[PDB]
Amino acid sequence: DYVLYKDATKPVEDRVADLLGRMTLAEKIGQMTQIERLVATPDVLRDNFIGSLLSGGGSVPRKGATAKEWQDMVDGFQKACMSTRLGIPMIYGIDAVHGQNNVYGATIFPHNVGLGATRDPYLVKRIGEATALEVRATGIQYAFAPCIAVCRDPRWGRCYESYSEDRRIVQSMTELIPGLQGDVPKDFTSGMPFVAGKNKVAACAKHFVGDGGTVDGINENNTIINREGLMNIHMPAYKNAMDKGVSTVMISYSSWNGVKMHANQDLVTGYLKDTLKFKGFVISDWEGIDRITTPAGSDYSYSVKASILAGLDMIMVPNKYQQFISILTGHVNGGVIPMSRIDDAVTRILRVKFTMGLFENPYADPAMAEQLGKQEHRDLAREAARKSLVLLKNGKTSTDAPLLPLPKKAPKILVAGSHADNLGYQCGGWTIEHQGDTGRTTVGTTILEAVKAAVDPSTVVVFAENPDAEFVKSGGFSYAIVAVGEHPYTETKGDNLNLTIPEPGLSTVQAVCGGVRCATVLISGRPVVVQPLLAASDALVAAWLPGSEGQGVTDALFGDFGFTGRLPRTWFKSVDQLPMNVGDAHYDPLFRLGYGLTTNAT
């Protein structure tokens, strides 16, 4: 009664081949199918031999669910998968892209653009490590990260998900990979997948390739660039990812010179698989195959053909699984897609699952639940937040006393602005909901809360969200901290051609700073029109989207640590200059890439 694929002491490739040779076509196509938890049930999983589940943004068992609730849900689905004839465990994926960010009480780290500002790849490794633990806390084994897009135009709604417009910084930050997955062995062959075991997660280098190079930063659009520029800007960090054993790669919705990435055999099979020697699995984006056609979904039969022939291995359906499986079965049955292509896809998927230990530990560890939101991880997020901050101005004239660092002891201070006491705004997109949200959406510390935690007990702190000029002038304030910026956004909703922050933002800054010396904290996912904010402000800090730990902001305001962040993108003078990147011929920045003022700790 011995079955070699079930023997944990056997080599991964032997186990993969042993299982593959036993599988029916239905079982094989099943492995290639990923479905939303929203459409999953025990019978669906079992009857269609489903390979994977995901949560999209905001796809949660309920609002406020505990780590245990998540474990029980994942285990519930796994039990059904394990009960099939062959007992192949599913892999469960989620967007844990700045912590385990769909989950209430999870540590929320700074978004990627802020992390680029740190120039600290080891910090990003440690964030990978902590994120893996908080993902495993919820029973999930797979994170759709890192986004290694090189955003070349801040008008893109996902520019905050890119570490930098400079591929060299993005390359350096692929250290997230061995954080999430564990360090690869001494001997390791570049392109093989790796996950250390049950305390780590499979990672996903996304979105292949040129997602950050689209025309006018239009999300999912066309990236017009010759092969030399594709390979010089958008590709390099994928080779770093191969070298670190990234387990999966997700394909972009975007096109390269008119060709849909989800139909690009030359790049997916010819380049990623056959040239970079990637041996993990390739996954679609969410209805990415549907969007090959215009309109999307208008020829699903072609979507399946073109994508699977291009070399994709697993399809993030995520809803219409019966139609996907029916169509792909018909294609194989009619010889339109050869069995060799199906077998390659399934070999890859199994290779990842076996390598990562999923056949040995298919179920959640309840002892891991307490990892969620752990104070050690929050302390790391607080460090990352502080290191991400870029000091742009610290005095209106070169002769003024520097405003920062501010004194913790003062009779009375003002904290103001739409973003001073709003946890959701300081986290941005991909936090609790897909688009992010407003207000107190999870566990954390706002800027107001952090100021109150920081200051001397004799310092009276007044909050006013949008005070008028008289209020400020009459208040007897020593100084003000005023926080304003962008609202949360994700993907296409963030595409923005004007890059001006919503009012009241500027008007509040002008009222506050007109009455008392002020430090302006600008929360944004990218550079935004800033000359008016600068003109009003004594000091101005680009804080990006710093996450749940607002104390990282006050650690630098009040001088516990000096400012060290440096712009990881160009700051433009006007959006009519765009695209404008470091190294261009017409480079006329307000602040060049690398710019950042410093302070010393007090």
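Note that residue numbering follows the sequence shown and begins at 1.
Across the two stretches, 377-385 and 250-258, the PDB entry reports the greater mean Cα temperature factor for 250-258. Per the PDB record, of the two stretches 362-370 and 132-140, 362-370 carries the greater mean B-factor over its C-alpha atoms. Highest C-alpha temperature factor among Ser418, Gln78, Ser298, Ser284, as the PDB entry reports it: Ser298. The top Cα temperature factor in the record, among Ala450, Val484, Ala263, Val124, falls on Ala263.
Placement of the Cα temperature factor of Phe572 within the chain: highest third of the modelled residues, per the deposited record. Looking at the C-alpha B-factors along this chain, the one for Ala543 belongs to the lowest third. The entry lists a Cα temperature factor for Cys204 that places it in the lowest third of the chain's modelled residues.
Per-chain ranking of the deposited C-alpha B factor places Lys63 in the highest third. In the PDB entry, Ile432 places in the lowest third of its chain by CA B-factor.
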